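*Asks:* Next comes the structure file structure-v3.txt, holding compact mmCIF, C-alpha atoms and all ligand atoms.
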# COMPACT_ATOMS: atom_id res chain seq x y z
CA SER A 1 9.41 -21.09 -16.00
CA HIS A 2 10.08 -18.93 -12.93
CA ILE A 3 8.36 -15.70 -11.86
CA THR A 4 8.55 -13.00 -9.19
CA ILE A 5 5.43 -12.50 -7.06
CA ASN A 6 4.82 -9.14 -5.35
CA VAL A 7 3.53 -9.42 -1.80
CA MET A 8 2.37 -6.01 -0.60
CA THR A 9 1.70 -5.47 3.10
CA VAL A 10 -0.41 -2.57 4.35
CA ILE A 11 0.38 -1.85 7.99
CA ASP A 12 -1.76 -0.09 10.56
CA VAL A 13 1.27 1.65 12.11
CA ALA A 14 -0.85 3.76 14.47
CA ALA A 15 -2.71 0.78 15.93
CA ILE A 16 0.54 -1.14 16.50
CA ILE A 17 2.17 1.79 18.32
CA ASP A 18 -0.93 2.57 20.38
CA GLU A 19 -1.37 -1.14 21.15
CA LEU A 20 2.09 -1.36 22.69
CA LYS A 21 1.43 1.76 24.75
CA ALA A 22 -1.60 0.20 26.42
CA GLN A 23 0.10 -3.21 26.58
CA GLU A 24 2.91 -1.92 28.81
CA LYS A 25 5.38 -3.12 26.18
CA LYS A 26 7.90 -0.80 24.53
CA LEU A 27 9.28 -0.37 21.01
CA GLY A 28 12.63 -1.87 20.02
CA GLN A 29 15.17 0.83 19.19
CA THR A 30 17.76 -1.12 17.19
CA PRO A 31 17.35 -3.12 13.96
CA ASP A 32 18.25 -6.31 15.89
CA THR A 33 16.01 -5.76 18.88
CA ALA A 34 12.85 -5.22 16.83
CA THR A 35 9.73 -5.79 18.93
CA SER A 36 7.90 -8.97 17.91
CA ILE A 37 4.25 -8.08 17.25
CA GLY A 38 1.09 -9.94 16.30
CA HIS A 39 -0.17 -10.03 12.75
CA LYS A 40 -3.38 -8.27 13.84
CA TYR A 41 -2.57 -5.08 11.87
CA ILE A 42 -0.98 -6.60 8.79
CA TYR A 43 -2.95 -6.75 5.53
CA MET A 44 -1.46 -8.57 2.54
CA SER A 45 -2.29 -8.48 -1.15
CA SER A 46 -0.43 -9.71 -4.20
CA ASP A 47 -0.08 -9.45 -7.95
CA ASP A 48 0.36 -13.25 -8.18
CA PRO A 49 -0.59 -14.14 -11.80
CA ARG A 50 -0.81 -17.81 -10.77
CA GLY A 51 -3.68 -16.75 -8.51
CA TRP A 52 -3.89 -16.09 -4.77
CA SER A 53 -6.26 -15.42 -1.85
CA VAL A 54 -6.14 -13.80 1.61
CA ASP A 55 -7.68 -13.01 7.41
CA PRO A 56 -5.13 -10.42 8.52
CA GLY A 57 -1.63 -11.83 8.80
CA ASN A 58 -2.41 -14.54 6.26
CA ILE A 59 -2.04 -15.08 2.54
CA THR A 60 -2.19 -18.02 0.17
CA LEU A 61 -0.10 -17.79 -2.98
CA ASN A 62 0.13 -20.10 -5.95
CA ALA A 63 3.88 -20.46 -6.30
CA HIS A 64 6.23 -23.12 -7.64
CA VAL A 65 9.55 -24.02 -6.01
CA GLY A 66 11.96 -21.59 -7.66
CA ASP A 67 9.57 -18.63 -7.64
CA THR A 68 10.61 -15.45 -5.83
CA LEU A 69 8.39 -13.59 -3.36
CA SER A 70 9.08 -9.88 -3.22
CA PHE A 71 7.83 -8.20 -0.03
CA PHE A 72 6.79 -4.54 -0.10
CA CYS A 73 4.99 -2.50 2.55
CA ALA A 74 3.36 0.83 3.36
CA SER A 75 1.33 2.40 6.17
CA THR A 76 -2.40 3.02 5.71
CA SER A 77 -1.54 6.60 4.64
CA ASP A 78 0.88 5.29 2.03
CA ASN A 79 3.73 6.45 4.29
CA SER A 80 2.56 10.10 4.12
CA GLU A 81 1.97 10.34 7.88
CA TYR A 82 3.07 7.22 9.72
CA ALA A 83 5.49 5.19 7.62
CA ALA A 84 6.89 1.69 7.50
CA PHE A 85 9.88 0.24 5.64
CA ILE A 86 10.93 -3.41 5.50
CA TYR A 87 14.67 -3.94 6.07
CA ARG A 88 14.88 -7.65 6.83
CA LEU A 89 13.35 -11.12 6.40
CA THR A 90 14.46 -14.16 8.48
CA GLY A 91 13.53 -17.84 8.74
CA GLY A 92 11.00 -19.57 6.52
CA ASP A 93 13.06 -22.74 6.44
CA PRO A 94 12.27 -25.05 4.68
CA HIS A 95 9.50 -23.34 2.70
CA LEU A 96 11.11 -19.93 2.13
CA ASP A 97 14.71 -18.72 1.78
CA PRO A 98 14.97 -14.93 2.44
CA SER A 99 17.43 -12.66 0.63
CA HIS A 100 18.80 -9.33 1.86
CA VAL A 101 16.93 -6.05 1.45
CA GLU A 102 16.96 -4.34 -1.94
CA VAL A 103 16.88 -0.54 -1.93
CA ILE A 104 15.63 0.91 -5.19
CA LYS A 105 16.26 4.52 -6.12
CA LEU A 106 14.37 5.82 -9.10
CA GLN A 107 15.99 9.09 -10.16
CA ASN A 108 12.73 9.92 -11.95
CA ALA A 109 9.88 8.25 -10.07
CA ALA A 110 6.41 9.53 -10.93
CA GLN A 111 5.19 12.20 -8.49
CA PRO A 112 1.94 14.19 -8.16
CA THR A 113 2.13 17.99 -8.39
CA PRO A 114 -0.03 20.52 -6.53
CA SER A 115 -2.72 21.36 -6.60
CA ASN A 116 -4.45 18.85 -8.90
CA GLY A 117 -2.08 15.87 -8.99
CA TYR A 118 -1.88 16.06 -12.77
CA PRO A 119 0.25 17.06 -14.59
CA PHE A 120 2.49 14.51 -12.92
CA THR A 121 6.23 15.07 -12.74
CA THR A 122 9.30 13.01 -11.84
CA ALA A 123 11.81 13.24 -9.00
CA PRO A 124 14.17 10.99 -7.00
CA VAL A 125 12.38 8.63 -4.59
CA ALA A 126 13.74 5.65 -2.63
CA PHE A 127 11.89 2.37 -2.02
CA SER A 128 12.70 -0.91 -0.29
CA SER A 129 11.74 -4.50 -0.83
CA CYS A 130 13.08 -7.83 0.35
CA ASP A 131 12.89 -11.12 -1.57
CA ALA A 132 12.39 -14.68 -0.45
CA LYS A 133 12.84 -17.78 -2.60
CA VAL A 134 10.10 -20.41 -2.53
CA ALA A 135 12.01 -23.55 -1.52
CA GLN A 136 9.19 -25.94 -0.54
CA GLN A 137 5.41 -25.76 -0.78
CA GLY A 138 3.50 -25.60 2.50
CA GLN A 139 2.87 -23.07 5.24
CA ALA A 140 6.09 -21.34 6.20
CA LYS A 141 6.17 -21.75 10.03
CA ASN A 142 9.06 -19.55 11.20
CA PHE A 143 9.16 -16.62 8.80
CA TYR A 144 9.61 -13.06 10.08
CA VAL A 145 9.27 -9.74 8.26
CA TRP A 146 11.14 -6.87 9.96
CA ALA A 147 10.18 -3.20 9.60
CA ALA A 148 11.15 0.24 10.85
CA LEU A 149 8.23 2.44 11.89
CA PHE A 150 8.14 6.22 11.58
CA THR A 151 5.88 9.04 12.72
CA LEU A 152 5.34 12.59 11.46
CA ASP A 153 6.68 15.19 13.89
CA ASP A 154 4.82 18.40 14.72
CA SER A 155 6.61 20.30 11.95
CA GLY A 156 4.46 18.23 9.61
CA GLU A 157 7.49 18.05 7.31
CA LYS A 158 9.76 15.40 8.83
CA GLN A 159 9.28 11.74 9.69
CA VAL A 160 11.21 10.35 12.63
CA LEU A 161 12.14 6.85 13.74
CA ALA A 162 9.70 5.38 16.26
CA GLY A 163 11.28 1.96 16.46
CA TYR A 164 11.52 -1.47 14.95
CA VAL A 165 9.02 -4.32 14.76
CA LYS A 166 8.86 -7.80 13.31
CA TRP A 167 5.86 -10.02 12.68
CA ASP A 168 5.32 -13.60 11.59
CA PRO A 169 2.84 -13.60 8.72
CA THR A 170 1.35 -16.93 7.70
CA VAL A 171 2.36 -17.49 4.07
CA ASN A 172 0.84 -20.54 2.36
CA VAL A 173 2.53 -21.59 -0.89
CA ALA A 174 0.28 -23.61 -3.22
CA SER B 1 -16.59 12.73 17.97
CA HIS B 2 -15.69 13.05 14.29
CA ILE B 3 -12.61 11.17 13.04
CA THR B 4 -10.59 10.61 9.86
CA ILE B 5 -10.50 7.05 8.60
CA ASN B 6 -7.79 5.92 6.19
CA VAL B 7 -8.77 3.78 3.26
CA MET B 8 -5.71 2.29 1.57
CA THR B 9 -6.14 0.70 -1.83
CA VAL B 10 -3.48 -1.60 -3.23
CA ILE B 11 -3.75 -1.76 -7.01
CA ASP B 12 -2.58 -4.50 -9.38
CA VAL B 13 -1.54 -2.02 -12.06
CA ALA B 14 -0.16 -4.70 -14.37
CA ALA B 15 -3.34 -6.79 -14.39
CA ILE B 16 -5.53 -3.72 -15.01
CA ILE B 17 -3.41 -2.64 -17.99
CA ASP B 18 -3.17 -6.18 -19.43
CA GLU B 19 -6.87 -6.96 -19.13
CA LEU B 20 -7.80 -3.65 -20.76
CA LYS B 21 -5.69 -4.36 -23.84
CA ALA B 22 -6.77 -8.02 -23.88
CA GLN B 23 -10.31 -6.65 -23.89
CA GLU B 24 -9.67 -4.11 -26.68
CA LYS B 25 -10.54 -1.20 -24.39
CA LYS B 26 -8.38 1.90 -24.76
CA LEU B 27 -6.72 3.35 -21.68
CA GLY B 28 -7.86 6.92 -21.03
CA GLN B 29 -5.21 9.50 -21.88
CA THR B 30 -6.82 12.56 -20.30
CA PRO B 31 -7.69 12.94 -16.57
CA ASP B 32 -11.30 13.65 -17.54
CA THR B 33 -11.37 10.65 -19.86
CA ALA B 34 -10.34 7.95 -17.37
CA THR B 35 -11.44 4.43 -18.29
CA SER B 36 -14.02 2.79 -16.02
CA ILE B 37 -12.53 -0.48 -14.85
CA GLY B 38 -13.90 -3.34 -12.79
CA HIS B 39 -12.85 -3.56 -9.18
CA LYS B 40 -11.34 -7.03 -9.57
CA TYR B 41 -7.78 -5.73 -9.06
CA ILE B 42 -8.63 -3.37 -6.21
CA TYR B 43 -7.68 -4.39 -2.66
CA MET B 44 -8.76 -2.13 0.19
CA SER B 45 -7.57 -1.94 3.81
CA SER B 46 -8.17 0.58 6.58
CA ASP B 47 -6.95 1.98 9.89
CA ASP B 48 -10.53 2.55 11.05
CA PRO B 49 -10.36 2.81 14.89
CA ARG B 50 -14.09 2.07 15.09
CA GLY B 51 -13.53 -1.23 13.27
CA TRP B 52 -13.92 -2.52 9.71
CA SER B 53 -13.97 -5.67 7.56
CA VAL B 54 -12.63 -6.47 4.09
CA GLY B 55 -14.75 -7.86 1.39
CA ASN B 56 -14.80 -11.50 0.45
CA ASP B 57 -14.81 -9.91 -2.98
CA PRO B 58 -12.18 -7.30 -3.96
CA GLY B 59 -13.63 -3.83 -4.47
CA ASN B 60 -15.57 -4.12 -1.26
CA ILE B 61 -15.01 -2.80 2.23
CA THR B 62 -17.19 -2.25 5.26
CA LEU B 63 -16.21 0.61 7.54
CA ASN B 64 -17.64 1.65 10.90
CA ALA B 65 -18.16 5.36 10.61
CA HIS B 66 -20.58 8.02 11.73
CA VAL B 67 -21.96 10.94 9.77
CA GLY B 68 -19.37 13.70 9.92
CA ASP B 69 -16.48 11.25 9.77
CA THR B 70 -14.01 11.71 6.92
CA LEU B 71 -12.72 8.93 4.68
CA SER B 72 -9.23 9.62 3.36
CA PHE B 73 -8.34 7.54 0.27
CA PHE B 74 -4.73 6.56 -0.48
CA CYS B 75 -3.28 4.08 -2.97
CA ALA B 76 -0.21 2.28 -4.31
CA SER B 77 0.76 -0.51 -6.71
CA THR B 78 1.63 -4.04 -5.50
CA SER B 79 5.29 -2.99 -5.60
CA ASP B 80 4.67 0.14 -3.51
CA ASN B 81 4.94 2.34 -6.66
CA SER B 82 8.55 1.30 -7.28
CA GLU B 83 7.83 -0.43 -10.59
CA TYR B 84 4.27 0.16 -11.80
CA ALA B 85 2.78 3.10 -9.92
CA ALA B 86 -0.61 4.66 -9.18
CA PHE B 87 -1.84 7.96 -7.76
CA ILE B 88 -5.37 9.04 -6.83
CA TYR B 89 -6.25 12.46 -8.24
CA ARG B 90 -10.06 12.61 -7.95
CA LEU B 91 -13.22 11.22 -6.28
CA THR B 92 -16.72 11.72 -7.72
CA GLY B 93 -20.30 10.83 -6.81
CA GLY B 94 -21.40 9.12 -3.63
CA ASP B 95 -24.62 11.10 -3.07
CA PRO B 96 -26.21 10.74 -0.55
CA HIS B 97 -23.74 8.52 1.33
CA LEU B 98 -20.38 10.16 0.65
CA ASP B 99 -19.32 13.71 -0.27
CA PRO B 100 -15.92 13.76 -2.06
CA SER B 101 -13.42 16.60 -1.73
CA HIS B 102 -10.69 17.55 -4.16
CA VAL B 103 -7.29 15.86 -4.29
CA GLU B 104 -4.57 16.84 -1.84
CA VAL B 105 -0.94 16.61 -2.81
CA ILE B 106 1.23 16.19 0.27
CA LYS B 107 4.88 17.25 0.01
CA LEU B 108 7.13 16.19 2.89
CA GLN B 109 10.44 18.07 3.03
CA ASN B 110 11.98 15.22 4.97
CA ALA B 111 10.04 12.04 4.38
CA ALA B 112 11.65 8.86 5.74
CA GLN B 113 13.73 7.06 3.08
CA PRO B 114 15.78 3.84 2.99
CA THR B 115 19.49 4.06 2.09
CA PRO B 116 21.55 1.53 0.15
CA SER B 117 22.58 -1.07 0.66
CA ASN B 118 21.12 -2.04 4.05
CA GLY B 119 18.03 0.20 4.24
CA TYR B 120 19.10 1.33 7.71
CA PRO B 121 20.37 3.78 8.72
CA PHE B 122 17.39 5.49 7.12
CA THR B 123 17.56 9.05 5.84
CA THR B 124 15.15 11.81 4.90
CA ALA B 125 14.41 13.55 1.61
CA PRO B 126 11.60 15.31 -0.27
CA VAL B 127 8.81 12.99 -1.45
CA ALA B 128 5.31 13.73 -2.78
CA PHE B 129 2.06 11.89 -1.89
CA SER B 130 -1.57 12.30 -2.95
CA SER B 131 -4.81 11.47 -1.21
CA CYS B 132 -8.44 12.47 -1.51
CA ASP B 133 -11.23 12.76 1.05
CA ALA B 134 -14.91 12.02 1.14
CA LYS B 135 -17.12 13.08 4.03
CA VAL B 136 -19.53 10.50 5.42
CA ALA B 137 -22.97 12.05 4.83
CA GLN B 138 -25.19 9.02 5.42
CA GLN B 139 -24.58 5.47 6.59
CA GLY B 140 -25.29 2.85 3.93
CA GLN B 141 -23.64 1.75 0.72
CA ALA B 142 -22.44 4.35 -1.73
CA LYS B 143 -23.48 3.07 -5.44
CA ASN B 144 -22.38 5.97 -7.52
CA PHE B 145 -18.89 6.55 -6.09
CA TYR B 146 -15.75 6.57 -8.25
CA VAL B 147 -12.06 6.67 -7.36
CA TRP B 148 -9.88 8.04 -10.19
CA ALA B 149 -6.16 7.24 -10.56
CA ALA B 150 -3.22 7.84 -12.88
CA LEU B 151 -1.32 4.66 -13.74
CA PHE B 152 2.40 4.59 -14.56
CA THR B 153 4.92 2.10 -15.92
CA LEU B 154 8.69 1.76 -15.51
CA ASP B 155 10.57 2.19 -18.81
CA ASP B 156 13.45 0.06 -20.13
CA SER B 157 16.11 2.20 -18.43
CA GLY B 158 14.66 1.27 -15.02
CA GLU B 159 15.16 4.84 -13.83
CA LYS B 160 12.04 6.68 -14.98
CA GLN B 161 8.30 6.11 -14.61
CA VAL B 162 6.03 7.12 -17.48
CA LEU B 163 2.32 7.91 -17.69
CA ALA B 164 0.33 4.91 -18.95
CA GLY B 165 -3.07 6.55 -18.59
CA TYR B 166 -6.03 7.20 -16.33
CA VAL B 167 -8.62 4.86 -14.82
CA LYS B 168 -11.55 5.02 -12.45
CA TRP B 169 -13.26 2.23 -10.53
CA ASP B 170 -16.40 2.17 -8.41
CA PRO B 171 -15.56 0.59 -5.06
CA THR B 172 -18.38 -0.84 -2.96
CA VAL B 173 -18.09 1.15 0.26
CA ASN B 174 -20.36 0.22 3.15
CA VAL B 175 -20.53 2.76 5.95
CA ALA B 176 -22.24 1.07 8.91
CA CA C 201 18.34 3.26 -9.75
CA CA C 202 -7.18 21.36 -6.87
CA CA C 203 4.18 4.13 -1.18
CA CA C 204 -18.01 17.37 -3.09
CA CA C 205 3.92 19.91 3.48
CA CA C 206 23.18 -5.15 2.04
CL CL C 207 17.45 -16.15 7.64
CL CL C 208 -18.74 14.93 -7.05
Take the structure in the file and give it back as structure tokens.
*Replies:*
Amino acid sequence: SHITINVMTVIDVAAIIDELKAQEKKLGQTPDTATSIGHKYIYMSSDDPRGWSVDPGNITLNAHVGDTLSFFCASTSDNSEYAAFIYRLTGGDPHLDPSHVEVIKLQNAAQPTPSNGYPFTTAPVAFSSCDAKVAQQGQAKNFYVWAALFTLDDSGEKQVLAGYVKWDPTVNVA
Amino acid sequence: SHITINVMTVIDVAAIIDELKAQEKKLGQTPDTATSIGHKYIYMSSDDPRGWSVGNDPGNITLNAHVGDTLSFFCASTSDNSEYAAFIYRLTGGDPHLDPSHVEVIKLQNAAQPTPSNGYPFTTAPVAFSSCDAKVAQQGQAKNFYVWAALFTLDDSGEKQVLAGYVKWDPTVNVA
């Protein structure tokens, strides 16, 4: 029958921001004017039980038409310094059909406690993912993942919006 | 010229738990009794400014680092800890290549958070993170180095995550 496949993207948020600095380009400041970036700093993995394999910006998934791809992301610090959140997927036609972002709030998500991690506790945490339906096997040509990027301010306690990016990962469905 | 290098591990928590029970192996229920697992379901990335490459095999990574550099290890499930979840709480071994420190639990008063139902406008709220360091003591490939994590599942109510158990794996880390 039909399954959901997690596609997790680790993002080098620092590299992307510092790249743009040196590249004389600037970061988009509205969700619609997200800066289009390479897939140089985009590292995908999956839980695909049907099997899968991965260069950066690329992934090959065994998926049937009717399967759902569920896109998750995080910075290389697991959003504890720089942070990234996906809010949108567009395109993919005819291979993928994006849905709208799904915000999950676990009222009791597992959380580490100081100063040893264990014993672990629970507390409210919010997460985001965005799904895409597999509509046709092949390499999706025109598929964009959109994410908001954040940095840690000098207080070391608050993360602030740095801007919006989008990238065009190469997703092969097989 | 010393720098901190992030090592992010994505973990297929489901596959690790399934294969363990399909293999008759108990899942460790105490932090000190974590079950040694293969590194088949371990996928590492980095932010290493000096460059890096990711193993044709999972459980491998090659990082450009110098002695005195610090590796900081982070992790999450394939669903970003929103269904199954994972948290590093310990690193052991590594002699003479890596020298682990003890776990650090980061609490951000105002971590960035998505809001329903559009994600944006984002908000902020308290969230906890864990990571653990190892100092680069000698270039080469660490053989005796273990990352330890607590694994969690999402119960039937879909609102609470519960402790499944503890595991440790021995990633192949090449410092070059
Ligand atoms: Ca909920
Ligand atoms: Ca401690
Ligand atoms: Ca995370
Ligand atoms: Ca030590
Ligand atoms: Ca703090
Ligand atoms: Ca919506
Ligand atoms: Cl669209
Ligand atoms: Cl040790």
*Asks:* Using only C-alpha atoms, find each residue of chain B with at least one atom at most 6 Å away from an atom of chain A; report its shortest atom-to-atom pair and that distance in Å (one decimal), sort the rows by chain and rising residue number, and return the result as a Markdown table.
*Replies:*
| residue | atom | partner | partner_atom | distance |
| --- | --- | --- | --- | --- |
| B:8 | CA | A:76 | CA | 5.4 |
| B:12 | CA | A:47 | CA | 5.7 |
| B:47 | CA | A:12 | CA | 5.6 |
| B:78 | CA | A:8 | CA | 5.3 |
| B:79 | CA | A:72 | CA | 5.9 |
| B:89 | CA | A:117 | CA | 5.4 |
| B:105 | CA | A:114 | CA | 5.5 |
| B:108 | CA | A:157 | CA | 4.8 |
| B:109 | CA | A:157 | CA | 5.2 |
| B:110 | CA | A:158 | CA | 4.5 |
| B:111 | CA | A:159 | CA | 5.4 |
| B:112 | CA | A:159 | CA | 5.4 |
| B:113 | CA | A:126 | CA | 5.9 |
| B:116 | CA | A:103 | CA | 5.5 |
| B:119 | CA | A:87 | CA | 5.6 |
| B:128 | CA | A:111 | CA | 5.9 |
| B:159 | CA | A:106 | CA | 4.9 |
| B:160 | CA | A:108 | CA | 4.5 |
| B:161 | CA | A:109 | CA | 5.3 |
*Asks:* Need the shell around residue 61 in chain B: protein/DNA/RNA residues with any atom at most 9 Å away, counting all atoms listed in the file. Skip same-chain ones fewer than 6 positions apart. Format as a PyMOL selection string?
*Replies:* chain B and resi 43-46+52-55+171-175
*Asks:* List every protein, DNA or RNA residue that has at least one atom no more than 10 Å from (-19.4, 3.5, 11.2) in the file's coordinates, counting all atoms listed in the file, and write the result as a ChimeraX atom specification.
*Replies:* /B:5,48-52,62-67,69,136,138-140,174-176
*Asks:* Can you build me a table of chain B residues sitting at most 12 Å from ligand CL 208 (chain C), with the closest atom pair per residue and its distance in Å to one decimal, using all atoms listed in the file, sorted by chain and residue number, as a tab-separated table?
*Replies:*
residue	atom	partner	partner_atom	distance
B:90	CA	C:CL208	CL	9.0
B:91	CA	C:CL208	CL	6.7
B:92	CA	C:CL208	CL	3.9
B:93	CA	C:CL208	CL	4.4
B:94	CA	C:CL208	CL	7.2
B:95	CA	C:CL208	CL	8.1
B:96	CA	C:CL208	CL	10.8
B:97	CA	C:CL208	CL	11.7
B:98	CA	C:CL208	CL	9.2
B:99	CA	C:CL208	CL	6.9
B:100	CA	C:CL208	CL	5.8
B:101	CA	C:CL208	CL	7.7
B:102	CA	C:CL208	CL	8.9
B:103	CA	C:CL208	CL	11.8
B:132	CA	C:CL208	CL	12.0
B:133	CA	C:CL208	CL	11.3
B:134	CA	C:CL208	CL	9.5
B:135	CA	C:CL208	CL	11.3
B:144	CA	C:CL208	CL	9.7
B:145	CA	C:CL208	CL	8.4
B:146	CA	C:CL208	CL	9.0
B:147	CA	C:CL208	CL	10.6
B:148	CA	C:CL208	CL	11.7
*Asks:* Selected residues, C-alpha atoms, written as a CSV table (one decimal), in the coordinates of the input, please.
*Replies:*
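The new file result-v5.csv reads:
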chain,number,residue,atom,x,y,z
B,90,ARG,CA,-10.1,12.6,-8.0
B,91,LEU,CA,-13.2,11.2,-6.3
B,92,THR,CA,-16.7,11.7,-7.7
B,93,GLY,CA,-20.3,10.8,-6.8
B,94,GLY,CA,-21.4,9.1,-3.6
B,95,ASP,CA,-24.6,11.1,-3.1
B,96,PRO,CA,-26.2,10.7,-0.6
B,97,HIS,CA,-23.7,8.5,1.3
B,98,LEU,CA,-20.4,10.2,0.6
B,99,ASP,CA,-19.3,13.7,-0.3
B,100,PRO,CA,-15.9,13.8,-2.1
B,101,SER,CA,-13.4,16.6,-1.7
B,102,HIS,CA,-10.7,17.6,-4.2
B,103,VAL,CA,-7.3,15.9,-4.3
B,132,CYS,CA,-8.4,12.5,-1.5
B,133,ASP,CA,-11.2,12.8,1.0
B,134,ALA,CA,-14.9,12.0,1.1
B,135,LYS,CA,-17.1,13.1,4.0
B,144,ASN,CA,-22.4,6.0,-7.5
B,145,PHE,CA,-18.9,6.6,-6.1
B,146,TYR,CA,-15.8,6.6,-8.2
B,147,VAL,CA,-12.1,6.7,-7.4
B,148,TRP,CA,-9.9,8.0,-10.2
*Asks:* For ligand CL 207 (chain C), which of A:142, A:1, A:68, A:137 is the closest residue, counting only C-alpha atoms and all ligand atoms?
*Replies:*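 Of the candidates, the smallest distance to ligand CL 207 (chain C) is held by A:142.
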*Asks:* Determine, counting all atoms listed in the file, which protein, DNA and RNA residues have an atom within 9 Å of an atom of residue 134 in chain A; residues of the same chain fewer than 6 positions away are not included. Present the result as a list in words.
*Replies:*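 Skipping anything fewer than 6 positions along the chain leaves residues 63, 64, 65, 66, 67, 68, 69, 94, 95, 96, 97, 98 and 173 of chain A.
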*Asks:* Taking all atoms listed in the file into account, which of B:106, B:154, B:164, B:142 comes nearest ligand CA 201 (chain C)?
*Replies:* B:154
*Asks:* List the neighbours of residue 140 in chain A out to 12 Å using only C-alpha atoms; skip same-chain residues closer than 3 positions along the sequence, and give me the result as a VMD selection string.
*Replies:* chain A and resid 58 to 61 90 to 98 132 to 137 143 to 144 168 to 174
*Asks:* Using Å and a single decimal, report how far CA of residue 14 in chain B sits from CA of residue 31 in chain B.
*Replies:*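 Interatomic distance here is 19.3 Å.
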*Asks:* Taking all atoms listed in the file into account, which of B:129, B:87, B:41, B:166 comes nearest ligand CA 205 (chain C)?
*Replies:*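 Nearest candidate to ligand CA 205 (chain C) out of B:129, B:87, B:41, B:166: B:129.
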*Asks:* Distance CA of residue 38 in chain B-CA of residue 168 in chain B, one decimal place?
*Replies:*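 Spanning CA of residue 38 in chain B to CA of residue 168 in chain B is a straight-line distance of 8.7 Å.
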*Asks:* Of the candidates B:27, B:157, B:76, B:107, which one gets nearest to ligand CA 201 (chain C) if we count all atoms listed in the file?
*Replies:*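 Among B:27, B:157, B:76, B:107, it is B:157 that comes nearest to ligand CA 201 (chain C).
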*Asks:* Figure out the distance between CA of residue 141 in chain B and CA of residue 71 in chain B, please, to one decimal in Å.
*Replies:* 13.7 Å
*Asks:* Using all atoms listed in the file for the distances, tell me which of B:165, B:170, B:6, B:115 is nearest to residue 20 in chain B.
*Replies:*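 Ranking B:165, B:170, B:6, B:115 by distance to residue 20 in chain B, first place goes to B:165.
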*Asks:* Measuring atom to atom with all atoms listed in the file, identify which of A:162, A:167, A:4, A:154 is nearest to residue 17 in chain A.
*Replies:* A:162
